[PDB]
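Within every chain, numbering begins at 1; the chains are lettered A, B, ... in the order of the sequence lines, protein sequences first and strands thereafter.
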Amino acid sequence: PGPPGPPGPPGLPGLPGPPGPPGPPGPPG
Amino acid sequence: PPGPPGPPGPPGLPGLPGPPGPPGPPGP
Amino acid sequence: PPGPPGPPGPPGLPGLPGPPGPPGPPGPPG
């Protein structure tokens, strides 16, 4: 037949990353 | 004539880890 | 005579960054 068609659409964006690291300990008591 | 378009591509990479959390509560 | 389908698209964009982490632990005792 003729040549292959064009590439498909780009994929969807990736999942979001995981939560960030825990924050620092709070101020002294 | 040319073939149909291909299917959609794979999902992108997972995103980066989030920002650090805020400081914790005051201590005892 | 339509030829074969094209290849799969390229991979998507990188995802968004995650949310902020949790609050830190409570501070040192006095």
Minimum heavy-atom separation for [X] and [Y], please, with both atom names.
X	Y	answer
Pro25(C)	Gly23(A)	CD-O, 3.8 Å
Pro8(B)	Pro8(C)	O-CB, 4.4 Å
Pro1(C)	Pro1(A)	O-CB, 2.7 Å
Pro19(B)	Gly18(C)	CD-O, 3.5 Å
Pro11(C)	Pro11(B)	CB-O, 4.4 Å

